[PDB]
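# Structural overview for review
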Amino acid sequence: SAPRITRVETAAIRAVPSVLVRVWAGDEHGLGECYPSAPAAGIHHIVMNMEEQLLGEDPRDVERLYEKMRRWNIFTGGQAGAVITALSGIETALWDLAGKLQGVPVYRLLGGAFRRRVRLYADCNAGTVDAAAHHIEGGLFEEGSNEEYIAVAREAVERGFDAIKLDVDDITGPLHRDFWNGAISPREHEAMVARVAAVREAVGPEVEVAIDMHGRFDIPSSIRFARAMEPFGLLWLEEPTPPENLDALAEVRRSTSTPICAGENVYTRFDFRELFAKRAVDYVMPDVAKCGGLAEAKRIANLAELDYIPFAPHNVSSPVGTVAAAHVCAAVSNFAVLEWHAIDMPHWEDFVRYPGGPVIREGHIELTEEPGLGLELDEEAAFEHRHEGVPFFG
Amino acid sequence: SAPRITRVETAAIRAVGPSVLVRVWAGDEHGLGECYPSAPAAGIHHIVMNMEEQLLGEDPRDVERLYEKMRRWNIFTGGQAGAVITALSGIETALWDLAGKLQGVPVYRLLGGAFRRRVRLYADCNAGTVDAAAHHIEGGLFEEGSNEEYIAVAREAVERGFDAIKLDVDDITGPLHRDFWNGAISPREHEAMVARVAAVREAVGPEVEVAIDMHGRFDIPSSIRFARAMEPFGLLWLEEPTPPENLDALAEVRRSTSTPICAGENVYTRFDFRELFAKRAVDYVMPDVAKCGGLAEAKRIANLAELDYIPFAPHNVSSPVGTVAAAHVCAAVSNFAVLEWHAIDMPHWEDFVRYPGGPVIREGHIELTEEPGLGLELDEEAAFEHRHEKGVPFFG
Ligand SMILES: [Mg+2]
Ligand SMILES: [Mg+2]
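Structure determination for this PDB entry is given in the record as X-ray crystallography, at a resolution of 2.9 Å.

Looking at the PDB entry, chain B carries the name Mandelate racemase/muconate lactonizing enzyme-like protein, with the source organism given as Rubrobacter xylanophilus DSM 9941. In the PDB, the structure is listed with the title "Crystal structure of mandelate racemase/muconate lactonizing enzyme-like protein from Rubrobacter xylanophilus DSM 9941".

By the naming in the PDB entry, chain A goes by Mandelate racemase/muconate lactonizing enzyme-like protein and is assigned to Rubrobacter xylanophilus DSM 9941.

See the structure below:
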């Protein structure tokens, strides 16, 4: 029927505040989500600014369409982050649209499906953190902070999960001497270990538990703290050091038996190419809605596959972004677990209408056979949660 | 008195591209900075604005501490590089300016001092051909006799007082380029390029310095074959033969020829230039102060290169505001070589700022004053006359 790109519109929903991107091929459209990065207003204008390049194009050639917007930003931050996260949502939409247009589920456009049910892992939060992921409410030198954690974990296993994840950082805490260096104090140190030890005993073994450090610390601290984690048999220790020098991560990884994980803050495929080269990790966790979309993500997984490195994507978006990734995780032979950060957000599922009923069930996500992404945004619901600048389509 | 930050405003002008202007206030006082023309100026705008809740009340004198505040503030919000970095770059400049006005000392005297007082520039002789993605408009490289048009400008620059010229040689959208996706150079497309080079060299002479940009569009084979050909013309350097992602590739090319390899306009932050210098991929380095991270960042970057005896020649595509700040840094480092000027084609470039003596540039050089904070002033008038309709609201 020779379809063509007709219009591209955005919208900002409040979740974990992500931006939705809709791409129309006449009466048809695809839906995309953009990792909640920097200001939503920003992603917005970046995405809309990509419309010219899109208009009049054929949706079925998404990979080509990707390289197009990507190379068009070479001199305007196309290696960057925001510009790419903005591209992540568009690409998803295109994938959604292409699948529906040809009438096939996205994963069949990614090489088929190695599996049809994807397993997840749930995050467990303490108080209230800010944009920099710092605890405004709660912390190491707190009180029922640990119990608060153990509780969330319990509910997580209860709700059907067998993989949990929690952070152990607090830089704006009283237990931290200086904000600028990455040093951990003797006392600050053992306080962390205890937080870990506690949850480990509560959940007992046979329950995968990963720990996040939000890349705040220095070489010595990271190393010290990592050896400490060894007797706990963690699924992994996330970003011990700052995301900018991968050589440091490698040095840390190389220093202990505890497995290392990162990827959340590395963008293009070219960058993971370097991450892998430095043998910097045991597990890779890129974010589909943030790194460049499903296509980019599959590649990254393919690269890791050559080294027998497990693929466990980072995900902190609505049911949309989450399903986008589910599709990727299904066409990748070396997938491990997909992240879920919504144990604390009751309305999460109201953002979309999924076939079976809920998206998540028994700790997994059961992908269907419907055409492309197989979703349906509930517009009144989404509006009921719209972030309030980024216009809601109209 | 305890100056604290009080207000942060933006504004998008029309330089070589829509560029966000940043103004920071600490009471009656303010500092001025200019962002690099990245993506939609609106995005740069918002990013900058979203940054205000982090500055209010801060002592704008500990500038470096504030960059790290915002940079680190953006760990999980695209702060590793690109847009967010170009944005902060503007805000950084402002503060570095504000601070100088407060302490009452020119900026270079805050960056460790000056090695030289007047900085030499180089003229890009492809300024008006500008495509948002660096592609060449209405024809490109080959055509009737473009070589003529280029020699005209080359000479126009020498006359203008310059002794350093920059030229393009890529026409990916031209009739002589077989495919837009691979980066192969055809037999005839190749001769076309060398022709452009030869034509300009024979015209201007051997003492004028000429560098050539490839806008990083080619594969290993083409880059290498073209580089080996650039050897006889004694170029100043050859800019980005391969795409800006893989530096190992850029390094592989550099080991290939005797033609000097230069790069750096597409890499942000000290952390990334470290890897660059690590791979020994450049003969020259050229980050962009209004894009990479700020004067401070740019100085660190120069220092890293100094270690390896590598020349520092920043990429410049901004108005008098960004441009001058760039010279402050050019002054505070021993390995400075040449700063870029990309406005030979726009008559009102100077009408944006009121500069101490007469104009800013004078005979291919920029002389620096002892006037606190940069030493320049926004001709609010001209500024607004050339505002940008698309949408970032002016200073109010
Ligand atoms: Mg994380
Ligand atoms: Mg260039």
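Alright, that's what it looks like, and here's the rest.
### Digging into the sheet that holds strand 1 (residues 7-14) of chain B
Residue and element names in this part refer to chain B. Pairing within the open sheet is antiparallel, and its three strands lie in the order 1-2-3. Looking along the sheet, the strands with just one partner apiece sit at the ends: strand 1 and strand 3 (29-34). Averaged over all pairs of adjacent strands, the angle between strand axes in this sheet comes to 20 degrees, irrespective of strand direction. When strand 2 (residues 18-26) meets strand 3, the two strands line up antiparallel, connected through six bridges. Opposite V24, over in strand 3, you have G31 as the bridge partner. Packed onto the sheet, helix 1 (residues 41-50) meets strand 1 and strand 2 and runs at close to 170 degrees relative to strand 1.

### With respect to the UniProt feature "binding site: Mg(2+)" (unreviewed entry) in chain B
Residues and elements named next belong to chain B. In the UniProt entry, the feature "binding site: Mg(2+)" (unreviewed entry) is given for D213, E239 and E265. In terms of the greatest pairwise C-alpha distance, the residues named above, spread along 53 residues, form a tight cluster of at most 11.4 Å across. Position of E239 relative to the elements: it lies in strand 7 (residues 238-239). Given a relative accessible area of 0%, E239 falls into the buried group. Setting aside residues up to four positions removed in sequence, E239 forms contacts with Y122, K166, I212, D213, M214, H215, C262, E265 and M286. Locating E265 in the fold gives a position in the loop between strand 8 (261-263) and helix 8 (269-279). Residue class for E265 comes out buried when judged on its relative accessible area of 3%.

### Focus: the domain arrangement of chain B
A common way to express how large an interface is: the accessible area buried when the components associate. Residues and elements named next belong to chain B. You can read the domains of chain B as domain 1 (6-104 + 372-390) and domain 2 (105-371). With centres defined by C-alpha atoms, the gap from domain 1 to domain 2 works out at 24 Å. Taken together, the contacts link 39 residues of domain 1 with 43 residues of domain 2. Elements supplying a minimum of two residues to the side of domain 1 that touches domain 2: strand 1, strand 3, helix 2 (63-73), helix 3 (83-103), strand 13 (377-378) and helix 12 (380-385). Tallying contributions element by element places helix 3 first for the side of domain 1 that touches domain 2, with 10 residues. Within the side of domain 1 that touches domain 2, the residues separate by chemical class into 18 nonpolar, 12 polar and nine charged.

Criteria and cut-off values
- Residues numbered from 1 in each chain as written, not as in the entry; some residues may be left out.
- Chains lettered and ligands numbered in written order.
- Heavy atoms only, no water.
- Residues with missing side-chain atoms left out of burial classes, pairs and counts.
- Pairing = 2+ DSSP bridges.
- Helix = DSSP H or I, 4+ residues; strand = E, 2+ residues; numbered from the N terminus.
- Axes fitted to C-alpha atoms, helices over the stretch in contact; angles between N-to-C directions.
- Contact = heavy atoms within 4.5 Å.
- UniProt positions renumbered as here; feature names shortened; annotations may be inferred.
- Buried < 20%, exposed > 50% of the residue type's maximum accessible area, 1.4 Å probe, protein only.
- Domains from an automatic or database assignment.
- Nonpolar A, V, L, I, M, F, W, Y, C, P; charged D, E, K, R; others polar.

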